[PDB]
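Since the structure comes first, as structure tokens, the remarks are kept for the end.
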Amino acid sequence: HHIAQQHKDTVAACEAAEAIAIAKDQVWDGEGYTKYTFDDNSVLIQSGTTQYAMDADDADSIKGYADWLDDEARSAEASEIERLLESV
Amino acid sequence: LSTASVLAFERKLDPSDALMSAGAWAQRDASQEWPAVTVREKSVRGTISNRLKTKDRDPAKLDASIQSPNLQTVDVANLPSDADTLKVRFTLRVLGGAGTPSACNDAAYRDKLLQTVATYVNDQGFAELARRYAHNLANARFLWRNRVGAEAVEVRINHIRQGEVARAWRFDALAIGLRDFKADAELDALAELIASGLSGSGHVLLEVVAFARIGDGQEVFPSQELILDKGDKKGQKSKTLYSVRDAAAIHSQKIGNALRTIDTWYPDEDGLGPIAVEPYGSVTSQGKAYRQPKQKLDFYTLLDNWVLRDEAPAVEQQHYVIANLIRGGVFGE
Amino acid sequence: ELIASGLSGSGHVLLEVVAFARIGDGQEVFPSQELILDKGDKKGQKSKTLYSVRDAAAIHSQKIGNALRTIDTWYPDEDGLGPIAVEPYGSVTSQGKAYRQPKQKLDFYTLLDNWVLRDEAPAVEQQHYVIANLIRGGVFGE
Amino acid sequence: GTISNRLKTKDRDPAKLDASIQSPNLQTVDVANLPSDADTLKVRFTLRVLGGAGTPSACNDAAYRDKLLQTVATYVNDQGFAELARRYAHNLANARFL
Amino acid sequence: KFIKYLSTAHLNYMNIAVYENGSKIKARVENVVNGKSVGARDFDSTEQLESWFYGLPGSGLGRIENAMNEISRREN
Amino acid sequence: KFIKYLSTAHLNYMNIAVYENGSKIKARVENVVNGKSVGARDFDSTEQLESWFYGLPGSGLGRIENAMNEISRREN
Amino acid sequence: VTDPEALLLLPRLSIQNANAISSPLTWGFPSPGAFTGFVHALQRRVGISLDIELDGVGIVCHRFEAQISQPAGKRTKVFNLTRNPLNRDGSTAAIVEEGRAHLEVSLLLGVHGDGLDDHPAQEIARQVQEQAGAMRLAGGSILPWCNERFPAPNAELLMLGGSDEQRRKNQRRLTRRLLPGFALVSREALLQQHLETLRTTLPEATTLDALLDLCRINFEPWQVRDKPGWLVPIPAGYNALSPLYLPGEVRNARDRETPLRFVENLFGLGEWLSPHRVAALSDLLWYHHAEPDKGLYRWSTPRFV
Amino acid sequence: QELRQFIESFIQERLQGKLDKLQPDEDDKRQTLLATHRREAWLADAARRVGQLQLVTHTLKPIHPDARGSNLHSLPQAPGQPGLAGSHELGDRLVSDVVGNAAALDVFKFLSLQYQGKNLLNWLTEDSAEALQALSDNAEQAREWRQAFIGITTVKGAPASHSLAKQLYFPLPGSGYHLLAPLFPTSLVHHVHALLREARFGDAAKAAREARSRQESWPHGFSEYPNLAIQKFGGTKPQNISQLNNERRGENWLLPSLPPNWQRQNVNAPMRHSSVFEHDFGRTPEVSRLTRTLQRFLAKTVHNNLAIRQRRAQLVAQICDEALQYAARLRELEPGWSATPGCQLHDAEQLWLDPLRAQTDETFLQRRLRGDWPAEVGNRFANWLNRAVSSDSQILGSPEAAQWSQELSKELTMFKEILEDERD
């Protein structure tokens, strides 16, 4: 999360975030996403230039995590948004 | 001397699929025409008795879900109503030559490995490992849940050279302990047979037959197959059972799991008992992984420190490493 | 004393149970009924199959096992009806009711959590209920 | 068969009943009866009593399992299995399984 | 939002639940113990639900197996 | 259009009727009292009908039972 | 492609836990390459020490039962996998998928060497069987002897010498022990014929493979198209795309002494038969030839027809 | 020079896709951040990060997910055999898609607009003068980016493999070995599975099987696929295995390759009277299927004699050889042939199906049935073939029953010729 704020446009330190952190997701539709899961349950959405750093244990930041989707991207991801409907 | 990037060891102690056939005790010596135990279906009307949460839980769905019966179709295998003895038969080859890999990049690393294993065999034989293998064939580890709650379990082991029988052993599985490896004359004879097999000094084919008194019409326990459960179509049926041509059976790798329970050398606790030999020595049912790589007792750590650097570990850890080479596997990067 | 000596692990207990009933000449007996599903095939089929073994009518094993574990005379609602069998969320499928609700504090999961984790021992009869559920067995946990 | 189910009387006209009992309710069932010269049912089964009713077969935690075994062993040491085996003996005594 | 279960007996933990969204209803095949659903289908009123459901080939739980195999159909 | 019955004696209300469509004939297994048919089969001429029919295994009404079990065959 | 003098026969080899995937597009009975590579492994373990030469293999395939499943009434099939040990960390792993079979097969062979003058027939066949009893035939184990060791004696038959009555006599003595099995050959000339028949629209061959082994329902202005045999798609070789590499170039090879290319399989047509259609049993063995100037590999039975 | 009307218009259209969510405080930086990028710097920052993707047509990953190594776009040649088929017959319709970190496929669709009815893909590997007329930028920009655009369709820079890549030795004509690393034909798999999904359902398949519901068919022909087997890649995450859409959620299924005794049976010859009375038939569904196929070749005249000159001769061999398979299955399975009723008409078939010798057999067993070369079951078998398939007399007036009678003559002759050594 903070790693894409001190290096918010430095993609080389995002490759360092690939070097340090844990497993990765990908999203294929009309657009294209990668998802970097972290140990603090922080998933970096990455798309071309733009990005979004998610903060779990907060449903408003998951609303912001759903602010970066097409409705075809919301044709997928529904088992990922409803997966995060527990954290209180 | 870096490690080889490709390593692969073929397994030794190759078992087969065990077949189950039921009959009557004291008709036990003529156990050759006994009919097989068949797998059949039955329906089961149960209630829903799992745990139910409190988040996103409408109590109408809750009380509507608890107060309604569940329907389901399972497979069972039972003895016939006029038979109280389970017969489980399988065979076992002992190949031998337990140091030579089947695939290796380096030639210096492979020669160093063969000098290490040949140094181990020349310093001490295969008597320890064949003694513990003889104890796992002595009792009835390969009767997993069928052993639990039985009156008398008898194991008969035959050695085969031709269309004949060379030497026959007849044991008693309940007198022989489950956790205490105590010596015996017959177990030293059969341990000399297995130890003579793993060293490459001959051909060893064994026929293992197990007998258990359970009860008239009770339930036997074959091994259970996979319904993959990929999203949709859960299906009406549940608990399908493995079989061969109209007979219930156990998988070969489960008997092979039951034979290689050697490891009494955990760092954590030697009070529980021997559980089987794995790299990162783990138990799937308990959900725990003994022998962590953060310690220095892992198979990869001991093998790297004993082949590349000549730092020989303790003797019992050397028994662990050679036990992993008899297991075989896919090693290297 | 024989069964209690069996459950404690002090020996091996195998029992043979034989039951005899006078019903009448040529009357009807009641085996257990199997599952069929009327789907879309041709020319119809049966509507009532009965469970059998090799040319003999029979009863399922879990129905006898249901008949053996009718212990529970300790409902919060009413002890006047009678003992119905031991279940977590202790329920009757025929009556359509679920006694021993989780909104109370008499469920098996609630008593087991309050008696293992927190050392809050319940009443003695509820302890008989919890150990009866452990003799029943099942799939517990999450 | 016959017609003995409830009706909503939202699509139940008096001609629909006569038309529905013109209809076939033909059916094939299974029965089991005693022979005509026998008046006694015999029901035979067996029963194992295993024992060791505290040890689970699968458990993640090791502390929770040891606490569970101390709880069950505390129960058995405080009082035996006499109550449960008394009620099991009463269910084998009569004929609940009939 | 929840209305009722469509069948009165669960066929191996699976059942069809009927939901309400305003001017439309939502039938949804789902597991009972967990809660996660496998496929869904949207109707306009309960008269369309019962009028479509009672036209399925079957009776009893063969009808609910055909309905679960219809709503949770592979869409492509 | 109708030509004749193929058998001279009805075997439980069932008989094979022979029809004409122009340059082809139509054998059709049918009930007699009602009239509705169960399966049909098209031939080119009556020589093909008798040449095929007299090669069936049987004699008398076993031949017409085999013919009714042949024309009204499950096609799949 | 050299005709053998003898035909060594292995009677009943029962594979436990075979590999029933065999290709990315076909499914069932495994590749011919396992059954030829087994013979070359016998050539690397026996034939240099008994001075014989093993070239081909004859598939007979008495029995085959794949561990499959078909739930939910669908007309498609799934597999029956096994477990794996736990995670590196200690939770669980992913699930790869693997086919499975309980095979039983008989294998003809082919002998060229001079060991017949040095050793009798029972010695040669006994050494070959008692080495093949400790190997793994198609990715799975070979079941050892049991009470069904009664067909386990081998046979061996010199093919060139002797009168023709002994040729047809002992040949029919062989084919009464391969009697329930169904042989397997390669029939690509039929595929060229169907290319010339469907050459009105498009001469593509992969869509011909998609339009051979299937039930073509052709309606009437419905008639099922008559199948001229029990045909089956099999993998039939490699058609390497990459140029060849020196030994010490590619990281993670098996050994650093033999060259490499990257290959893909090559799909061909095969046919299951009865063994009595075959004119001479020496026209049944699977060979594989090559020309590594280009990427062109194949298994074949040349001169079957 | 309409490439500037491709780039400078299409990036503007993607800016019109970004006009749906635009605030003025972000538009104050997004004016130059979108326009000054949209002229020149979108291709610079996009061209810098092309190497995160990889455009190949054969991927190593479905062999094992943990395996890292060499994926290949290389399909340069189709030199294949006169009779063997593979992924060399693609030619056109090259569905080659993206493997890699999916965050930057906007470059890939940008490279997909080159082949929109034009030969600019060769102008993306070469032809920098065409980039001087159309793109009209500096030589370092257009030529350096042109060097950086081939790098999605080519390898990373060094050959590699893995210990989970199924490397196989292959012996030579008297020479050494070539160890080979096979791959997964992903474009061929996607093409063939597009064909199978077009065949199993679609427009004309639902229409023609709807005509099977209506018995009202028209000129069309469809087909049916027995025994397709599902193979699943990735597990619960078919996204990380790349290119797999919702249409292909690890869903690669396999055409069957079964040997035709995969469905074994129980051999129906017990001591019961039902199989003992009708033992002369010896039928399976395969036997009656071949017999009815033989009956269906009776309304075939000489007008289409290409089929009947070949198929009728082969068509009778499988029935008698299938009867040899029936005595095969009866032989080594049920060795118990004791005494029972009916030993006068089932006595010639008993000596035809010669069982094992009894354990209580005396010295009078080399004379009781030693000279039993039972050529009478070719006569009973001939009567069974004659009563099974119809023998037309209009083919008897012609030479079709002299040649046909010659075919059954020599075929039953060779069948008895196999039967000459049933005991000796």
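Starting from 1 in every chain, residues are counted up; chains themselves are A, B, ... following the order of the structure tokens, and ligands are numbered from 1 as listed.
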Skip residue 53 (chain E) itself and residues of its chain fewer than 6 positions away, then list as a PDB file with N, CA, C and O atoms, in the first residue's frame all residues within 9 Å of it, counting only C-alpha atoms.
```pdb
ATOM      1  N   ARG E  63     -38.413 -33.014 -10.126  1.00  0.00           N
ATOM      2  CA  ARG E  63     -38.680 -31.662 -10.589  1.00  0.00           C
ATOM      3  C   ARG E  63     -37.656 -30.677 -10.041  1.00  0.00           C
ATOM      4  O   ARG E  63     -37.235 -29.756 -10.751  1.00  0.00           O
ATOM      5  N   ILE E  64     -37.228 -30.857  -8.791  1.00  0.00           N
ATOM      6  CA  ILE E  64     -36.252 -29.923  -8.244  1.00  0.00           C
ATOM      7  C   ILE E  64     -34.848 -30.252  -8.736  1.00  0.00           C
ATOM      8  O   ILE E  64     -33.995 -29.357  -8.787  1.00  0.00           O
ATOM      9  N   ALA E  67     -34.942 -28.551 -12.087  1.00  0.00           N
ATOM     10  CA  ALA E  67     -34.880 -27.105 -11.918  1.00  0.00           C
ATOM     11  C   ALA E  67     -33.478 -26.652 -11.533  1.00  0.00           C
ATOM     12  O   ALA E  67     -33.008 -25.615 -12.013  1.00  0.00           O
TER      13      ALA E  67
END
```
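Those residues of chain F that fall within 9 Å of chain H when using only C-alpha atoms read residues 51, 52, 55, 56 and 57 of chain F.
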Take the residues from that selection and put them in a file with C-alpha atoms, as a CSV table (one decimal), in the first residue's frame.
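As written to disk, part.csv reads:
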```
chain,number,residue,atom,x,y,z
F,51,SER,CA,-40.0,-58.9,-51.0
F,52,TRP,CA,-38.9,-57.5,-47.6
F,55,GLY,CA,-37.9,-62.6,-45.8
F,56,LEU,CA,-38.8,-62.0,-42.1
F,57,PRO,CA,-38.2,-64.9,-39.7
```
Task: Between CA of residue 91 (chain B) and CA of residue 135 (chain G) - distance in Å to one decimal - done: 15.9 Å
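Using only C-alpha atoms, the residues found no farther than 10 Å from residue 74 (chain B), other than those of its own chain fewer than 6 positions away, are residues 40, 41, 42, 43, 44, 236, 237, 238, 239, 240 and 241 of chain B.
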Emit the selected residues as a PDB file, in the first residue's frame, including N, CA, C and O atoms.
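In the end it all went to part-v4.pdb:
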```pdb
ATOM      1  N   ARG B  40     -22.011 -51.261  -2.918  1.00  0.00           N
ATOM      2  CA  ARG B  40     -23.391 -51.037  -3.314  1.00  0.00           C
ATOM      3  C   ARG B  40     -23.816 -49.639  -2.892  1.00  0.00           C
ATOM      4  O   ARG B  40     -23.076 -48.916  -2.223  1.00  0.00           O
ATOM      5  N   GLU B  41     -25.025 -49.260  -3.287  1.00  0.00           N
ATOM      6  CA  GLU B  41     -25.572 -47.947  -2.991  1.00  0.00           C
ATOM      7  C   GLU B  41     -26.643 -48.053  -1.918  1.00  0.00           C
ATOM      8  O   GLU B  41     -27.326 -49.072  -1.801  1.00  0.00           O
ATOM      9  N   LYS B  42     -26.789 -46.987  -1.137  1.00  0.00           N
ATOM     10  CA  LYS B  42     -27.974 -46.833  -0.311  1.00  0.00           C
ATOM     11  C   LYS B  42     -28.236 -45.350  -0.128  1.00  0.00           C
ATOM     12  O   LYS B  42     -27.343 -44.518  -0.292  1.00  0.00           O
ATOM     13  N   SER B  43     -29.476 -45.029   0.205  1.00  0.00           N
ATOM     14  CA  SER B  43     -29.897 -43.650   0.364  1.00  0.00           C
ATOM     15  C   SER B  43     -29.831 -43.252   1.827  1.00  0.00           C
ATOM     16  O   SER B  43     -29.993 -44.081   2.721  1.00  0.00           O
ATOM     17  N   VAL B  44     -29.672 -41.971   2.084  1.00  0.00           N
ATOM     18  CA  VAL B  44     -29.501 -41.594   3.469  1.00  0.00           C
ATOM     19  C   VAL B  44     -30.273 -40.306   3.727  1.00  0.00           C
ATOM     20  O   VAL B  44     -30.102 -39.311   3.015  1.00  0.00           O
ATOM     21  N   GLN B 236     -26.569 -35.799  -7.104  1.00  0.00           N
ATOM     22  CA  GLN B 236     -27.295 -36.482  -6.039  1.00  0.00           C
ATOM     23  C   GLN B 236     -26.406 -37.406  -5.191  1.00  0.00           C
ATOM     24  O   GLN B 236     -26.553 -37.469  -3.976  1.00  0.00           O
ATOM     25  N   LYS B 237     -25.498 -38.129  -5.846  1.00  0.00           N
ATOM     26  CA  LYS B 237     -24.605 -39.087  -5.181  1.00  0.00           C
ATOM     27  C   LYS B 237     -23.418 -38.509  -4.410  1.00  0.00           C
ATOM     28  O   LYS B 237     -22.867 -37.476  -4.774  1.00  0.00           O
ATOM     29  N   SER B 238     -23.029 -39.206  -3.349  1.00  0.00           N
ATOM     30  CA  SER B 238     -21.903 -38.824  -2.509  1.00  0.00           C
ATOM     31  C   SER B 238     -21.141 -40.062  -2.039  1.00  0.00           C
ATOM     32  O   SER B 238     -21.661 -41.173  -2.093  1.00  0.00           O
ATOM     33  N   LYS B 239     -19.900 -39.868  -1.606  1.00  0.00           N
ATOM     34  CA  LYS B 239     -19.066 -40.956  -1.092  1.00  0.00           C
ATOM     35  C   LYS B 239     -18.862 -42.185  -1.981  1.00  0.00           C
ATOM     36  O   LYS B 239     -19.043 -43.308  -1.526  1.00  0.00           O
ATOM     37  N   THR B 240     -18.513 -41.979  -3.247  1.00  0.00           N
ATOM     38  CA  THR B 240     -18.252 -43.095  -4.154  1.00  0.00           C
ATOM     39  C   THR B 240     -17.022 -43.872  -3.684  1.00  0.00           C
ATOM     40  O   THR B 240     -16.080 -43.283  -3.170  1.00  0.00           O
ATOM     41  N   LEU B 241     -17.023 -45.189  -3.877  1.00  0.00           N
ATOM     42  CA  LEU B 241     -15.915 -46.038  -3.429  1.00  0.00           C
ATOM     43  C   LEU B 241     -15.114 -46.700  -4.552  1.00  0.00           C
ATOM     44  O   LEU B 241     -15.671 -47.144  -5.549  1.00  0.00           O
TER      45      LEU B 241
END
```
Open item on the list: Near chain H, meaning an atom within 7 Å, which residues of chain G appear when counting only C-alpha atoms? Write them as a VMD selection string.
Closed with: chain G and resid 24 to 29 63 to 65 76 to 78 94 to 95 179 to 180 188 to 189 191 to 192 204 to 206 214 to 219 221 232 to 233 241 250 to 254 258 to 264 266 to 268 272 290 296
Open item on the list: I'd like the neighbourhood of residue 44 (chain F) as a VMD selection string, where a residue qualifies if any of its atoms comes within 7 Å (using only C-alpha atoms), though same-chain residues fewer than 6 positions away should be ignored.
Closed with: chain F and resid 23 to 25
Restricting it to N, CA, C and O atoms, dump the selection as an mmCIF file, in the first residue's frame.
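What follows is the written file again_8.cif:
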```
data_model
loop_
_atom_site.group_PDB
_atom_site.id
_atom_site.type_symbol
_atom_site.label_atom_id
_atom_site.label_comp_id
_atom_site.auth_asym_id
_atom_site.auth_seq_id
_atom_site.Cartn_x
_atom_site.Cartn_y
_atom_site.Cartn_z
ATOM 1 N N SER F 23 -45.679 -42.897 -56.385
ATOM 2 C CA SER F 23 -44.336 -43.421 -56.643
ATOM 3 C C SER F 23 -43.672 -44.036 -55.411
ATOM 4 O O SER F 23 -42.467 -44.315 -55.443
ATOM 5 N N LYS F 24 -44.430 -44.288 -54.346
ATOM 6 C CA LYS F 24 -43.928 -44.819 -53.087
ATOM 7 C C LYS F 24 -45.123 -45.256 -52.257
ATOM 8 O O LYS F 24 -46.241 -44.767 -52.442
ATOM 9 N N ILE F 25 -44.877 -46.191 -51.344
ATOM 10 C CA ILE F 25 -45.907 -46.678 -50.441
ATOM 11 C C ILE F 25 -45.439 -46.469 -49.008
ATOM 12 O O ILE F 25 -44.247 -46.326 -48.730
#
```
TODO: Kindly provide, as JSON, numbers by chain, the residues of chain E having any atom no farther than 12 Å from an atom of chain A, counting only C-alpha atoms.
DONE: {"E": [35, 36, 37, 38, 39]}
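Neighbours of residue 60 (chain C) closer than or equal to 12 Å, with only C-alpha atoms counted and sequence neighbours fewer than 6 positions away skipped, come out as residues 41, 42, 43, 44, 45, 76 and 78 of chain B; 30, 31, 32, 33, 34, 50, 51, 52, 53, 66 and 67 of chain C; 45, 97 and 98 of chain D.
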TODO: Report as a PyMOL selection string the set of chain H residues whose atoms approach chain A to within 12 Å, with distances computed over only C-alpha atoms.
DONE: chain H and resi 14+17-18+20-21+33-34+37+41-50+52-53+97-109+236-247+249
- [ ] Run DSSP on the backbone and grab whatever in chain A lands in alpha helix (DSSP H); send it over as a PyMOL selection string.
- [x] chain A and resi 11-20+59-65+78-81
For region 281-289 of chain H, list every protein, DNA or RNA residue within 10 Å, evaluated using only C-alpha atoms, and leave out those in the same chain fewer than 5 positions away; present the list as an mmCIF file with N, CA and C atoms, in the first residue's frame.
```
data_model
loop_
_atom_site.group_PDB
_atom_site.id
_atom_site.type_symbol
_atom_site.label_atom_id
_atom_site.label_comp_id
_atom_site.auth_asym_id
_atom_site.auth_seq_id
_atom_site.Cartn_x
_atom_site.Cartn_y
_atom_site.Cartn_z
ATOM 1 N N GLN H 265 -17.745 -57.577 -20.767
ATOM 2 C CA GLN H 265 -19.020 -58.125 -20.335
ATOM 3 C C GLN H 265 -18.779 -59.347 -19.457
ATOM 4 N N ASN H 268 -21.957 -64.891 -21.228
ATOM 5 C CA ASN H 268 -23.262 -65.471 -20.923
ATOM 6 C C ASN H 268 -23.332 -66.876 -21.512
ATOM 7 N N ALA H 269 -22.644 -67.806 -20.855
ATOM 8 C CA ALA H 269 -22.888 -69.237 -21.048
ATOM 9 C C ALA H 269 -22.788 -69.966 -19.714
ATOM 10 N N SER H 275 -29.289 -69.875 -21.786
ATOM 11 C CA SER H 275 -28.138 -69.731 -22.669
ATOM 12 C C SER H 275 -27.744 -71.060 -23.298
ATOM 13 N N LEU H 294 -25.123 -55.524 -42.745
ATOM 14 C CA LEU H 294 -25.060 -56.427 -43.887
ATOM 15 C C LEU H 294 -26.410 -56.551 -44.584
ATOM 16 N N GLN H 295 -27.508 -56.475 -43.827
ATOM 17 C CA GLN H 295 -28.834 -56.512 -44.434
ATOM 18 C C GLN H 295 -29.149 -55.224 -45.178
ATOM 19 N N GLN H 318 -15.667 -59.799 -40.056
ATOM 20 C CA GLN H 318 -15.763 -59.399 -38.656
ATOM 21 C C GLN H 318 -16.783 -60.231 -37.891
ATOM 22 N N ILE H 319 -17.703 -60.886 -38.593
ATOM 23 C CA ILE H 319 -18.718 -61.686 -37.921
ATOM 24 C C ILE H 319 -18.148 -63.033 -37.503
ATOM 25 N N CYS H 320 -17.439 -63.701 -38.414
ATOM 26 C CA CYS H 320 -16.827 -64.984 -38.079
ATOM 27 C C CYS H 320 -15.605 -64.799 -37.187
ATOM 28 N N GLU H 322 -15.411 -62.344 -35.142
ATOM 29 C CA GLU H 322 -16.066 -62.038 -33.878
ATOM 30 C C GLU H 322 -16.567 -63.303 -33.187
ATOM 31 N N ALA H 323 -16.935 -64.331 -33.956
ATOM 32 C CA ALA H 323 -17.256 -65.617 -33.345
ATOM 33 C C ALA H 323 -16.013 -66.283 -32.772
ATOM 34 N N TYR H 326 -15.752 -64.841 -29.617
ATOM 35 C CA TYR H 326 -16.692 -65.414 -28.658
ATOM 36 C C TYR H 326 -16.145 -66.699 -28.053
ATOM 37 N N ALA H 327 -15.544 -67.561 -28.877
ATOM 38 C CA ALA H 327 -14.878 -68.739 -28.329
ATOM 39 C C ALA H 327 -13.635 -68.356 -27.535
ATOM 40 N N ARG H 380 -23.615 -75.358 -39.286
ATOM 41 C CA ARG H 380 -24.608 -74.700 -38.442
ATOM 42 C C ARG H 380 -24.398 -73.192 -38.434
ATOM 43 N N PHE H 381 -23.136 -72.762 -38.450
ATOM 44 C CA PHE H 381 -22.814 -71.345 -38.558
ATOM 45 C C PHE H 381 -23.213 -70.789 -39.917
ATOM 46 N N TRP H 384 -26.886 -70.269 -39.672
ATOM 47 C CA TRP H 384 -27.145 -69.077 -38.876
ATOM 48 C C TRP H 384 -26.907 -67.804 -39.678
ATOM 49 N N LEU H 385 -25.875 -67.792 -40.528
ATOM 50 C CA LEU H 385 -25.672 -66.654 -41.419
ATOM 51 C C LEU H 385 -26.757 -66.566 -42.482
ATOM 52 N N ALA H 388 -29.826 -65.278 -40.783
ATOM 53 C CA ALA H 388 -29.644 -63.935 -40.239
ATOM 54 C C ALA H 388 -29.841 -62.865 -41.308
#
```
Task: Spatial neighbours of residue 64 (chain D), 12 Å, only C-alpha atoms, chain gap at least 2 places, as number ranges by chain - done: C: 112-113, 115-118, 141; D: 55-56, 58-62, 66-71
Region 46-125 of chain B near region 69-88 of chain C within 9 Å: what's each residue's closest atom pair and its distance in Å to one decimal, counting only C-alpha atoms, ordered by chain then ascending residue number, as a Markdown table?
```
| residue | atom | partner | partner_atom | distance |
| --- | --- | --- | --- | --- |
| B:47 | CA | C:87 | CA | 8.6 |
| B:48 | CA | C:88 | CA | 8.9 |
| B:49 | CA | C:88 | CA | 5.9 |
| B:50 | CA | C:88 | CA | 8.2 |
```
Once you count only C-alpha atoms, what closest atom pair and distance in Å to one decimal does each residue of chain B within 12 Å of chain A have, with rows by chain and rising residue number, as JSON lines?
```
{"residue": "B:53", "atom": "CA", "partner": "A:86", "partner_atom": "CA", "distance": 10.8}
{"residue": "B:54", "atom": "CA", "partner": "A:86", "partner_atom": "CA", "distance": 10.5}
{"residue": "B:55", "atom": "CA", "partner": "A:86", "partner_atom": "CA", "distance": 7.3}
{"residue": "B:56", "atom": "CA", "partner": "A:86", "partner_atom": "CA", "distance": 8.7}
{"residue": "B:57", "atom": "CA", "partner": "A:86", "partner_atom": "CA", "distance": 11.8}
{"residue": "B:231", "atom": "CA", "partner": "A:79", "partner_atom": "CA", "distance": 11.9}
```
Task: chain E contacts to chain B at 8 Å (only C-alpha atoms) as a ChimeraX atom specification - done: /E:2,4-5,8-13,32-34,38,69,72
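For the atom pair formed by CA of residue 173 (chain B) and CA of residue 13 (chain C), the distance is 19.3 Å, given to one decimal.
Each of C:120, C:28, C:142, C:1 was compared to chain E using only C-alpha atoms, and C:142 turns out to be the nearest.
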- [ ] Pick out each residue of region 8-132 of chain C that DSSP on the backbone tags as strand (DSSP E); I need them as a ChimeraX atom specification.
- [x] /C:13-22,52-53,56-57,91-92,97-98
Those same residues, written as an mmCIF file, in the first residue's frame with C-alpha atoms?
```cif
data_model
loop_
_atom_site.group_PDB
_atom_site.id
_atom_site.type_symbol
_atom_site.label_atom_id
_atom_site.label_comp_id
_atom_site.auth_asym_id
_atom_site.auth_seq_id
_atom_site.Cartn_x
_atom_site.Cartn_y
_atom_site.Cartn_z
ATOM 1 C CA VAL C 13 -18.031 -56.038 23.033
ATOM 2 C CA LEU C 14 -19.932 -57.692 20.177
ATOM 3 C CA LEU C 15 -23.659 -58.239 20.682
ATOM 4 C CA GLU C 16 -26.188 -60.223 18.655
ATOM 5 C CA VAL C 17 -29.725 -58.832 18.854
ATOM 6 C CA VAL C 18 -32.736 -60.882 17.715
ATOM 7 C CA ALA C 19 -36.310 -59.586 17.930
ATOM 8 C CA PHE C 20 -39.585 -61.510 17.705
ATOM 9 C CA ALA C 21 -43.034 -60.058 17.065
ATOM 10 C CA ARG C 22 -46.500 -61.578 16.743
ATOM 11 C CA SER C 52 -33.240 -55.317 0.197
ATOM 12 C CA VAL C 53 -30.196 -57.563 0.418
ATOM 13 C CA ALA C 56 -34.535 -60.567 1.706
ATOM 14 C CA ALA C 57 -36.190 -57.410 2.976
ATOM 15 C CA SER C 91 -34.236 -31.654 15.735
ATOM 16 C CA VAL C 92 -37.024 -33.936 14.566
ATOM 17 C CA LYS C 97 -39.461 -28.703 14.597
ATOM 18 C CA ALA C 98 -35.979 -27.948 15.902
#
```
Task: Of the listed residues G:269, G:39, G:305, G:224, that which approaches chain F most closely, counting only C-alpha atoms - done: G:224
Open item on the list: Residues of chain B within 10 Å of chain G, counting only C-alpha atoms, what are they? List them as a PyMOL selection string.
Closed with: chain B and resi 4-7+14-17+91-95+102-107+160+162-163+203+205+207+224-228+233-237+240+242-245+251-253+278-285+287-290+292-293+333
